[PDB]
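Heads up: the protein sequence lines correspond to chains L, 3, J, K and A, in order. All residue numbers for the first sequence refer to PDB author numbering, where the first residue is 53 and numbers rise by one. All residue numbers for the second sequence refer to PDB author numbering, where the first residue is 58 and numbers rise by one. All residue numbers for the third sequence refer to PDB author numbering, where the first residue is 2 and numbers rise by one. Just so we're aligned: the fourth sequence equals residues 61 to 92, 118 to 142 in PDB author numbering. All residue numbers for the fifth sequence refer to PDB author numbering, where the first residue is 17 and numbers rise by one.
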Amino acid sequence: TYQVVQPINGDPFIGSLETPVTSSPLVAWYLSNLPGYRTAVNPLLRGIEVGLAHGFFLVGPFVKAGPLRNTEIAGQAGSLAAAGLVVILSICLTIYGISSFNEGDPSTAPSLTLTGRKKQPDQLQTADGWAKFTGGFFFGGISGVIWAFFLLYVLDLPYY
Amino acid sequence: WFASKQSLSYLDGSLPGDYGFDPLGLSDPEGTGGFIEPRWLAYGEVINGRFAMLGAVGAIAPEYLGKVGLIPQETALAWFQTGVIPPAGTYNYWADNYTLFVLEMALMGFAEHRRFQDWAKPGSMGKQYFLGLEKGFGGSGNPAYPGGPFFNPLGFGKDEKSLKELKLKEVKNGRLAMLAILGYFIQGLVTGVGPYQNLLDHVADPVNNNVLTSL
Amino acid sequence: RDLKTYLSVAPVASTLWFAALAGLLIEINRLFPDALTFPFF
Amino acid sequence: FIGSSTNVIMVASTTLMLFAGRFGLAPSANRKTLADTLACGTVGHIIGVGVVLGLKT
Amino acid sequence: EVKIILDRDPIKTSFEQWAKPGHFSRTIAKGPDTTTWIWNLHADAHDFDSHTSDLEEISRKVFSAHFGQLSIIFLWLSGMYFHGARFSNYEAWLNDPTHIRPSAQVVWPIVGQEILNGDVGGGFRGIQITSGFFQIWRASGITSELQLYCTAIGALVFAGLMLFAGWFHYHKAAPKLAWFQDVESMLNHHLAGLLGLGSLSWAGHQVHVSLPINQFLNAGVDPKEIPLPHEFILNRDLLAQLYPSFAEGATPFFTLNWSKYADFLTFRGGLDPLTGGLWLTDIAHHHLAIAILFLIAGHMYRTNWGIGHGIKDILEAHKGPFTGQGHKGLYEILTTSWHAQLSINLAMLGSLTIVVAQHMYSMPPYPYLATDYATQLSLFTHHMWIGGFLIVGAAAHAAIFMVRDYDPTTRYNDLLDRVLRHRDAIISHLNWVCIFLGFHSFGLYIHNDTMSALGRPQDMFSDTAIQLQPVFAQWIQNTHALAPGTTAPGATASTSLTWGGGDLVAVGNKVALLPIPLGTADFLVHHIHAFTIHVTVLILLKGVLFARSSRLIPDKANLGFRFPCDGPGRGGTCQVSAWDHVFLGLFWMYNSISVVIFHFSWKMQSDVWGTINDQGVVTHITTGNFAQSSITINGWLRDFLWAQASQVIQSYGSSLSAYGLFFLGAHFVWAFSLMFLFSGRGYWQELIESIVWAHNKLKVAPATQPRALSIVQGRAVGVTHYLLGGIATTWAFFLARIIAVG
Ligand code: CLA
Ligand code: CLA
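Spelled out as structure tokens, the structure:
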């Protein structure tokens, strides 16, 4: 009599369904606390965090699998590539925003809360906010790469 | 109101030797066609029984007699041994073994075929086609008992409702011969030797004898 | 059986026809093999 | 192997003994039970063999 | 309820309906007006549930049809045994199996074909067979052509009985619907009766005919001298001198205390160093366990004595929080729909054929089968295709069930439900996995090709550079090596020689089997397998789940199971049908199986098969180039295809020139398929309009108005020739290669 699997928000005529991986308290808590979902925070602020995390992470694959190392002294220079990819990406984001949102326009996110609490206007998703988000994404992206690289110079890690 | 073992609806007790036993429900008449019809089986047990009733005797009579009777080279070999080629290797005969069978199938072909006609038609056999005995044919209303006269020259309880008290006798003995012969098939098969001869070993001493013993 | 004759003359008519043709062709070849020309004129 | 035979008999007995404690024709089979004996017999044989082989090691 | 035999009396028998084409369908029994009529007649010939709606009649049709099928198989077996008696060198092969090529078909000397009767050895001219029948017959202890001839008659007699039964059970005594539905009964019998007694029966012929005769053959005694099988049954002395356990009768079995029977039954395992086949002493023992197991298994289901299981009971009691009341109602569905049953059975029988192939190559069952590479490559490849096809057929009937038999209002399931209620989640994910697998299997190859071509071998995915060692399969491989004595003390040698490690078996100068290495090359191909399989699954599962409805077509179920489309609207809706998903899935099964059998052929020649001399020196056929050149697409094109195709393109004038002919012949019909696959009936019908004009001109226009093939048929024709062409090419390529080189 107890099923775990339920229609979304109690509405069976809408797309999604409710499952442990979608509406668990752990999943809900985790996703609500990512920088992306902090609706009430500065978009620029939210971005930098995403950049930092992402940047930092990208150095690994480039350096270890790069043509330049692989026993070739080039080493940590790869990280530099990663610094190049965050530039490409930034470009894409800037483009996505420019094209999507217009200057005058307002947000396109959804104002109703899941519970119907109409009380909430939200987000970046505006020409102004998105620019901020990408702009912060970049700064964070470059800084992420640099600090990972910085660690590379100091060394000590088992993989490289 | 009669002794009975196992469960089924149509075993009325209207058939001779009915102990109401059909755990497999072979005689259930729900779906009938082919050789699964109930009446056919009734006829069959009797035929199989009559033949078996007769055969069991053949199986041992030659065996027994050469033992305390006047039979020489024709000394009964195992019942199994004359007919099947490998063990006894058979015995020569006035006629070739394969040929007899042809003749044998030929003779049977006539009697057996007609009997079937009795089953497919009441008096068809007894009707037409020249020769005496045709009158002999068609006899009875029931194929199982053609009511020979001919088949029954002597009324022999045919008239008395006591004929029932014969039917069962015929039926019970029949199952008995049947059972018996099946025994031989095994006895002779593991025992070798003759069913009767086989009997003696159990007889000479019994503790020593039997299947467990046999092994 | 009229009807059996009727089953026949269906596409079984094709196979009976082609089997006859194949046979004829085969025998001809068995009789006159490797012919690249008509040499009787 | 008399010990073996006794073991097999014990298993068979335990299985037939279940003609009460365990499954047989049970609630309402249209039979006057033969079926139960066989299965109990067969189950007993199987158990006996399993124990015996183990005894053999 | 009580289970019993239920039948009905005669239901007609006449040639009247033979004279009336398309009688089974009310639409098509009126005769032809166009040439479409003819094609429809053959395409709806076996669609029984399309003929009538009565379940009893459909069930009776498929029952006699199975008799018809068996009749053919028995007639087919009758010929193989007959040809092994009149037109074969089996008695010659029986003395020198390691050098004489097995052959069982002689060709008539017409038109020049006699060249195909090549030197197969034994002073015999004919076509080398790869069926494997010689190794079966030798394993059964078959000595003379007389015995093969007797089996030929026996099979033919059985063929007559099967055919007679079909007539008898459709025209004379037709089983009732209640009879077919007794599934608890049928499973009990097929478990115990067919499989249990069947395996028990063969365990007997082995321990009385096979095991005794095979020992003589291995001792080296002349086959003609070996006593007939019946001399072993009669005089137990012969079967006592060898396998002395027969001294006693039923003891020890009857007195238990098992066993002194370890003499002719054992858990030895591995491979016979003299025959190259699995120990017959193990196989006989194997069938002993299988018999009893299936005999035990044949008493699970309740029938007429209250003891057992109601399958309906079992299913309903299997419901969880995640699944609802699921499993409830499955019994009524599976006892009411033939297509539902056929889908499961095809999926499983097809899957079985695939594991058979992988088991018969790595554990060679018949004597002198392993070193006959011509047969082993054929047997493995044959079963891969048979299994491959049957699996695609499961998808077709799963789809047909969804369209035809699925009814929520009458036979709801809840398990089938929910699945339909998130079919987009399943297909979208299966979509993703395929893309991930494509990149991470095939993309690695393209990486390797580009790096090699740029002269960067160290930047490749290889054993000598960036290694992708399949450690999980390797660890298992090692585990089966250390299995005997440690894990399974009863096992003397390993399960397979591919797990042996330091053990090799040779017969003649050829290698039977050895430990098969696994490296980066094996890693890449397996993910290619994982990739191709999923995509096939995607196409077929998408077809089944979206067979009834779709956001594009809300009422697709009304259009049927086999329809061309729903017009050019909504952007175009060609091949939305479930049939067209089976059609698309067919190509991908072909794609997957083809790279599987290429994986086999190269790996065996390169790392397994080859010549071995009495110094230990092993020389493989392609010389171990799999590891360094199968990791590149150019390598497959060059070192595999280009190199090995030389035999079939250099076979003219030889005994193998028929393969040369079928090689080109199959390339032809393959390309031929592309005409149908790349075009549409709109063009062809208009072309036929101009041609019909010409016939009318000369008063030779037919009443049966010629029409272009239907949209669906055009696809049916196309995929059929694509398959025939592609598969037959590899066939000719494989056989020529392995017969010439092997
Ligand atoms: C257990 C096996 C099995 C059975 C009993 C069925 C039964 C059925 N199928 Mg299924 N099917 C199967 C396996 C099976 N199929 C497999 C393995 C596949 C994957 C390919 C399919 C894919 C499939 C599709 C797509 C369809 C069916 C359909 C049908 C139904 C009607 C088919 C018909 O009329 O026959 C007609 C038979 C022919 C027209 C013969 C055509 C010849 C083939 C195409 C080529 C043969 C070439 C040969 C192998 C070698 C070349 C020789 C040549 C040179 C002479 C019928 C219920 C149809 C349906 O609608 O279901 C209700 C349907 O559309 N099946
Ligand atoms: C060789 C020709 C070919 C190729 C490459 C493909 C490829 C694919 N098929 Mg198709 N298919 C083909 C023939 C082909 N098919 C034919 C003839 C048929 C008729 C039966 C089909 C029928 C078919 C169906 C029904 C389906 C597919 C699906 C797929 C996709 C599977 C998922 C995947 O692997 O993602 C990975 C992509 C690849 C492995 C392609 C190669 C990628 C390269 C190596 C790397 C990228 C290069 C470079 C970095 C890009 C930048 C270059 C820049 C200059 C632009 C994949 C894109 C399935 C699908 O849609 O996916 C879920 C699907 O359901 N196919």
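Think of the CB as a built atom: it goes at the ideal place given N, C-alpha and C, for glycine as much as any other residue.
Residue of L350 (chain A), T319 (chain A) and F149 (chain A) minimising C-alpha distance to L331 (chain A)
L350 (chain A)
For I140 (chain L), verify whether its CB is less than 8 angstroms away from any heavy atom of ligand 2.
no
For chain 3, is any of its Cβ atoms less than 9 angstroms away from the one on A189 (chain A)?
yes
Apart from the five residues on each side of it in sequence, which residues of its chain come closer than 6 angstroms, Cβ to Cβ, to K229 (chain 3)?
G74
Heavy atom of ligand 1 less than 8 angstroms from the Cβ of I727 (chain A), yes or no?
no
For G183 (chain 3), which residues from the same chain have a beta carbon less than 8 angstroms from its beta carbon, with the 5 sequence-adjacent residues on both sides left out?
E191, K192, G193, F194, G195 and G196
Is it buried or exposed, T638 (chain A), if we count other Cβ atoms within 10 angstroms and call 16 or more buried?
buried
Using a Cβ-Cβ cut-off of less than 7 angstroms, give me the residues of the stretch 10-29 of chain J that come near chain A, in sequence order.
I27
For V134 (chain K), return the contacting residues in chain A, with the cut-off set at a CB-CB distance below 9 angstroms.
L272 and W274
Taking Cβ-Cβ distances below 8 angstroms as the criterion, which residues of the stretch 88-117 of chain 3 are in contact with chain A?
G88, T89, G90, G91 and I93
To which residues does DSSP link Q144 (chain A) through a beta bridge?
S119 (chain A)
List, in chain order, every chain A residue whose beta-carbon is nearer than 7 angstroms to that of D85 (chain 3).
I20
Quick one: residues with CB closer than 6 angstroms to any heavy atom of ligand 2, in chain order, please.
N447 (chain A), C450 (chain A), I451 (chain A), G454 (chain A), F455 (chain A), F458 (chain A), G459 (chain A), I462 (chain A), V551 (chain A), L554 (chain A), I555 (chain A), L600 (chain A) and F603 (chain A)
Any heavy atom of ligand 1 closer than 8 angstroms to the Cβ of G409 (chain A)?
yes
If we ignore side chains and look at the alpha-carbon of each, how far apart do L256 (chain 3) and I370 (chain A) end up?
57 angstroms
At what residue ranges does the stretch 599-649 of chain A contain a whole run of the alpha helix (DSSP H), taking only runs of 4 or more?
642-645
Can you name the start and end residues of the alpha helix (DSSP H) that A522 (chain A) belongs to?
Where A522 (chain A) is concerned, there is no enclosing alpha helix (DSSP H), although the beta strand (DSSP E) it sits in stretches over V521 to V523.
Could you name each continuous beta strand (DSSP E) segment of 3 residues or more that falls completely within the stretch 101-167 of chain L, going from the start of the chain to the end?
none
Just to check my reading of the structure: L179 (chain A) and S87 (chain A) have Cβ atoms closer than 8 angstroms, yes? What is that Cβ distance to the nearest angstrom?
4 angstroms
Measure from the alpha carbon of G90 (chain 3) to the alpha carbon of each residue in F79 (chain A), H187 (chain A) and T548 (chain A), then state which is nearest.
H187 (chain A)
Cβ of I416 (chain A) versus every heavy atom of ligand 1: is any distance shorter than 8 angstroms?
yes
Alpha carbon to alpha carbon, how far is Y277 (chain A) from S261 (chain A)? Give it in angstroms, no decimals.
6 angstroms
Rounded separation between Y428 (chain A) and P64 (chain L) - CA only:
19 angstroms
Can you look up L529 (chain A) in the DSSP assignment and give me helix, strand or coil?
strand
DSSP state of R2 (chain J), grouped into three classes?
coil
What three-state label does DSSP hand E107 (chain A) in the structure shown?
helix
Along the stretch 68-87 of chain K, what residues have a CB closer than 8 angstroms to any CB found in chain A?
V68, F83, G84, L85, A86 and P87
Name the chain K residues whose beta carbon is nearer than 7 angstroms to that of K62 (chain 3)?
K92
Cα separation between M476 (chain A) and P113 (chain L)?
16 angstroms
Would you mind giving the Cβ-Cβ distance between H543 (chain A) and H456 (chain A), rounded to the nearest angstrom? I have them listed as a contact below 8 angstroms.
6 angstroms
Name, please, each residue of chain J whose Cβ falls closer than 7 angstroms to the Cβ of residue 765 (chain A).
Here chain A has residues from 17 to 758 only, and residue 765 (chain A) is not among them.
How about the stretch 589-603 of chain A and the stretch 414-425 of chain A: do they share at least three Cβ pairs that are nearer than 8 angstroms?
yes
Could you tell me which residues DSSP pairs with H325 (chain A) in its beta bridges?
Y317 (chain A)
Check the DSSP bridge columns for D135 (chain A) and list the partner residues they point to.
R141 (chain A)
Determine the chain 3 residues that contact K335 (chain A) at a beta-carbon separation under 9 angstroms, and present them in chain order.
Those do not exist, as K335 (chain A) stays about 35 angstroms from chain 3 at its closest Cβ, beyond 9 angstroms.
If you scan the stretch 34-78 of chain A from start to end, which runs of the alpha helix (DSSP H) of 4 or more residues do you find wholly inside it?
52-59 and 64-67
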